[PDB]
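Asks: Just so it is clear, I am handing over upload-v7.pdb, which has PDB, C-alpha atoms.
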```pdb
MODEL        1
ATOM      1  CA  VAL A   1     -24.437 -27.786 -25.005  1.00  0.00           C
ATOM      2  CA  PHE A   2     -24.608 -25.050 -27.649  1.00  0.00           C
ATOM      3  CA  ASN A   3     -28.010 -23.663 -26.574  1.00  0.00           C
ATOM      4  CA  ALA A   4     -27.217 -23.742 -22.847  1.00  0.00           C
ATOM      5  CA  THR A   5     -28.576 -20.599 -21.197  1.00  0.00           C
ATOM      6  CA  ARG A   6     -25.510 -19.912 -19.046  1.00  0.00           C
ATOM      7  CA  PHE A   7     -21.913 -21.046 -19.588  1.00  0.00           C
ATOM      8  CA  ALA A   8     -19.076 -21.833 -17.191  1.00  0.00           C
ATOM      9  CA  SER A   9     -15.917 -19.843 -16.554  1.00  0.00           C
ATOM     10  CA  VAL A  10     -12.814 -20.894 -18.473  1.00  0.00           C
ATOM     11  CA  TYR A  11     -10.953 -21.955 -15.320  1.00  0.00           C
ATOM     12  CA  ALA A  12     -13.852 -24.274 -14.381  1.00  0.00           C
ATOM     13  CA  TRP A  13     -14.826 -25.166 -17.946  1.00  0.00           C
ATOM     14  CA  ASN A  14     -17.688 -27.635 -18.269  1.00  0.00           C
ATOM     15  CA  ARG A  15     -17.192 -30.990 -19.979  1.00  0.00           C
ATOM     16  CA  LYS A  16     -20.034 -32.886 -21.637  1.00  0.00           C
ATOM     17  CA  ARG A  17     -19.617 -36.485 -22.785  1.00  0.00           C
ATOM     18  CA  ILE A  18     -21.294 -37.588 -26.023  1.00  0.00           C
ATOM     19  CA  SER A  19     -21.924 -41.292 -26.565  1.00  0.00           C
ATOM     20  CA  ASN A  20     -24.411 -43.722 -28.109  1.00  0.00           C
ATOM     21  CA  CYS A  21     -26.052 -41.365 -30.595  1.00  0.00           C
ATOM     22  CA  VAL A  22     -26.018 -40.228 -34.216  1.00  0.00           C
ATOM     23  CA  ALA A  23     -24.139 -36.942 -34.658  1.00  0.00           C
ATOM     24  CA  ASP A  24     -25.353 -34.884 -37.631  1.00  0.00           C
ATOM     25  CA  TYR A  25     -22.497 -32.385 -37.800  1.00  0.00           C
ATOM     26  CA  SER A  26     -24.007 -30.618 -40.824  1.00  0.00           C
ATOM     27  CA  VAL A  27     -26.414 -28.963 -38.357  1.00  0.00           C
ATOM     28  CA  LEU A  28     -23.279 -27.319 -36.904  1.00  0.00           C
ATOM     29  CA  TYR A  29     -20.951 -26.669 -39.846  1.00  0.00           C
ATOM     30  CA  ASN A  30     -23.734 -25.417 -42.147  1.00  0.00           C
ATOM     31  CA  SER A  31     -24.976 -22.943 -39.551  1.00  0.00           C
ATOM     32  CA  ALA A  32     -23.956 -19.317 -40.017  1.00  0.00           C
ATOM     33  CA  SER A  33     -23.923 -18.588 -36.284  1.00  0.00           C
ATOM     34  CA  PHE A  34     -20.237 -19.333 -35.664  1.00  0.00           C
ATOM     35  CA  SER A  35     -17.338 -16.988 -36.380  1.00  0.00           C
ATOM     36  CA  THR A  36     -14.586 -19.569 -35.843  1.00  0.00           C
ATOM     37  CA  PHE A  37     -14.987 -23.206 -36.935  1.00  0.00           C
ATOM     38  CA  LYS A  38     -11.468 -24.629 -36.893  1.00  0.00           C
ATOM     39  CA  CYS A  39     -11.022 -28.409 -37.026  1.00  0.00           C
ATOM     40  CA  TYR A  40      -7.709 -30.146 -36.339  1.00  0.00           C
ATOM     41  CA  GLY A  41      -6.801 -33.632 -37.488  1.00  0.00           C
ATOM     42  CA  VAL A  42     -10.188 -33.835 -39.216  1.00  0.00           C
ATOM     43  CA  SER A  43     -12.037 -31.941 -41.943  1.00  0.00           C
ATOM     44  CA  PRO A  44     -15.519 -30.628 -41.092  1.00  0.00           C
ATOM     45  CA  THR A  45     -17.157 -32.077 -44.212  1.00  0.00           C
ATOM     46  CA  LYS A  46     -15.809 -35.558 -43.412  1.00  0.00           C
ATOM     47  CA  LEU A  47     -17.264 -35.497 -39.871  1.00  0.00           C
ATOM     48  CA  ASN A  48     -20.595 -36.813 -41.178  1.00  0.00           C
TER      49      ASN A  48
ATOM     50  CA  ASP B   1      11.240  -9.643 -64.171  1.00  0.00           C
ATOM     51  CA  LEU B   2       8.732 -12.321 -65.236  1.00  0.00           C
ATOM     52  CA  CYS B   3       6.616 -13.094 -68.287  1.00  0.00           C
ATOM     53  CA  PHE B   4       3.371 -15.043 -68.438  1.00  0.00           C
ATOM     54  CA  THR B   5       1.113 -16.302 -71.196  1.00  0.00           C
ATOM     55  CA  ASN B   6      -2.081 -14.948 -69.613  1.00  0.00           C
ATOM     56  CA  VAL B   7      -3.202 -13.064 -66.526  1.00  0.00           C
ATOM     57  CA  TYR B   8      -6.717 -13.177 -65.072  1.00  0.00           C
ATOM     58  CA  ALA B   9      -7.936 -10.302 -62.912  1.00  0.00           C
ATOM     59  CA  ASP B  10     -10.923 -11.628 -60.963  1.00  0.00           C
ATOM     60  CA  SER B  11     -12.672  -8.663 -59.338  1.00  0.00           C
ATOM     61  CA  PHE B  12     -15.414  -8.633 -56.688  1.00  0.00           C
ATOM     62  CA  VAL B  13     -16.246  -7.106 -53.297  1.00  0.00           C
ATOM     63  CA  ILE B  14     -16.494  -8.790 -49.892  1.00  0.00           C
ATOM     64  CA  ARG B  15     -16.467  -7.723 -46.246  1.00  0.00           C
ATOM     65  CA  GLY B  16     -13.239  -7.490 -44.260  1.00  0.00           C
ATOM     66  CA  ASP B  17     -13.488 -10.671 -42.211  1.00  0.00           C
ATOM     67  CA  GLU B  18     -13.990 -12.796 -45.343  1.00  0.00           C
ATOM     68  CA  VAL B  19     -10.747 -11.679 -47.043  1.00  0.00           C
ATOM     69  CA  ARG B  20      -8.909 -14.588 -45.399  1.00  0.00           C
ATOM     70  CA  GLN B  21     -11.194 -16.949 -47.324  1.00  0.00           C
ATOM     71  CA  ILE B  22      -9.690 -15.684 -50.618  1.00  0.00           C
ATOM     72  CA  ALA B  23      -6.606 -17.892 -50.343  1.00  0.00           C
ATOM     73  CA  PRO B  24      -5.605 -21.433 -51.361  1.00  0.00           C
ATOM     74  CA  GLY B  25      -7.255 -24.238 -49.416  1.00  0.00           C
ATOM     75  CA  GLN B  26      -9.620 -22.147 -47.289  1.00  0.00           C
ATOM     76  CA  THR B  27     -13.074 -23.064 -46.037  1.00  0.00           C
ATOM     77  CA  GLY B  28     -16.151 -21.005 -45.251  1.00  0.00           C
ATOM     78  CA  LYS B  29     -19.107 -19.423 -46.988  1.00  0.00           C
ATOM     79  CA  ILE B  30     -16.969 -17.538 -49.511  1.00  0.00           C
ATOM     80  CA  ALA B  31     -14.363 -20.224 -50.205  1.00  0.00           C
ATOM     81  CA  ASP B  32     -17.078 -22.872 -50.575  1.00  0.00           C
ATOM     82  CA  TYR B  33     -19.982 -21.251 -52.429  1.00  0.00           C
ATOM     83  CA  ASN B  34     -18.705 -18.017 -54.014  1.00  0.00           C
ATOM     84  CA  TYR B  35     -15.061 -18.132 -55.122  1.00  0.00           C
ATOM     85  CA  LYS B  36     -12.606 -20.990 -54.633  1.00  0.00           C
ATOM     86  CA  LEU B  37      -8.935 -20.805 -55.296  1.00  0.00           C
ATOM     87  CA  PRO B  38      -7.009 -23.919 -56.340  1.00  0.00           C
ATOM     88  CA  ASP B  39      -4.477 -25.501 -54.027  1.00  0.00           C
ATOM     89  CA  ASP B  40      -1.728 -24.794 -56.587  1.00  0.00           C
ATOM     90  CA  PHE B  41      -2.704 -21.169 -57.165  1.00  0.00           C
ATOM     91  CA  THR B  42       0.197 -19.074 -58.464  1.00  0.00           C
ATOM     92  CA  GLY B  43      -0.606 -15.397 -58.193  1.00  0.00           C
ATOM     93  CA  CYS B  44      -1.410 -12.390 -56.070  1.00  0.00           C
ATOM     94  CA  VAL B  45      -4.483 -11.421 -54.047  1.00  0.00           C
ATOM     95  CA  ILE B  46      -5.037  -7.695 -53.567  1.00  0.00           C
ATOM     96  CA  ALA B  47      -7.639  -6.194 -51.237  1.00  0.00           C
ATOM     97  CA  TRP B  48      -8.193  -2.702 -49.875  1.00  0.00           C
ATOM     98  CA  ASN B  49     -10.873  -1.145 -47.704  1.00  0.00           C
TER      99      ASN B  49
ENDMDL
END
```
Show me the file's structure as structure tokens.
Replies:
Amino acid sequence: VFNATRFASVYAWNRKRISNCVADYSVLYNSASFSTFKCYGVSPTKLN
Amino acid sequence: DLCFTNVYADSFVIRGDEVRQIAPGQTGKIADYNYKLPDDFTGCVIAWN
């Protein structure tokens, strides 16, 4: 999803379903590649 | 109009976009690893280019 070569337009935004896997969110929230990382109803650290 | 027992002037330099991280209850590189304000901070934050 994040490393996809080309992205969709906002009006026809793509949706990917995630299921049956282990999500290591550190890989995301510890990366310095994102300008905005805003989490609602959850705290990023707790995601793990 | 106010008195206080002590004042602490904590001085440092950051880049513009990180100024928002110098505030109570913020997250990010600065707020996490460099300088963290308490949730009950009582004071002023001054920044200029």
Asks: Under the rule that all atoms listed in the file are counted, which of A:32, A:46, A:7, A:40 is the nearest residue to chain B?
Replies: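 Closest candidate: A:32.
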Asks: Quick check on the file I pasted: which residues fall under the PyMOL selection byres ((chain A) within 10 of (chain B))? Write them as a list in words.
Replies: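 That selection, the PyMOL selection byres ((chain A) within 10 of (chain B)), comes back as residues 29, 30, 32, 35, 36, 37, 38, 43 and 44 of chain A.
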Asks: Give me the result of the PyMOL selection byres ((chain B and resi 47-49) around 10) on this file, residue by residue, as a list in words.
Replies: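 So the PyMOL selection byres ((chain B and resi 47-49) around 10), applied here, picks out residues 11, 12, 13, 14, 15, 16, 19, 22, 45 and 46 of chain B.
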Asks: Rounded to one decimal in Å, what is the spacing between atom CA of residue B:10 and atom CA of residue B:35?
Replies: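 So the answer is 9.7 Å.
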Asks: Please measure the separation of atom CA of residue A:47 and atom CA of residue A:12, giving the value in Å to one decimal.
Replies: 28.1 Å
Asks: State, in Å with one decimal place, the distance from atom CA of residue B:31 to atom CA of residue A:45.
Replies: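 Separating atom CA of residue B:31 from atom CA of residue A:45 is a distance of 13.6 Å.
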Asks: Excluding same-chain residues fewer than 5 positions from residue B:40, what lies within 12 Å of it counting all atoms listed in the file, as a PyMOL selection string?
Replies: chain B and resi 23-25
Asks: Which residues, written as a ChimeraX atom specification, have at least one atom at most 12 Å from residue A:14, with all atoms listed in the file counted and residues fewer than 4 positions away on the same chain left out?
Replies: /A:1-2,4,6-10
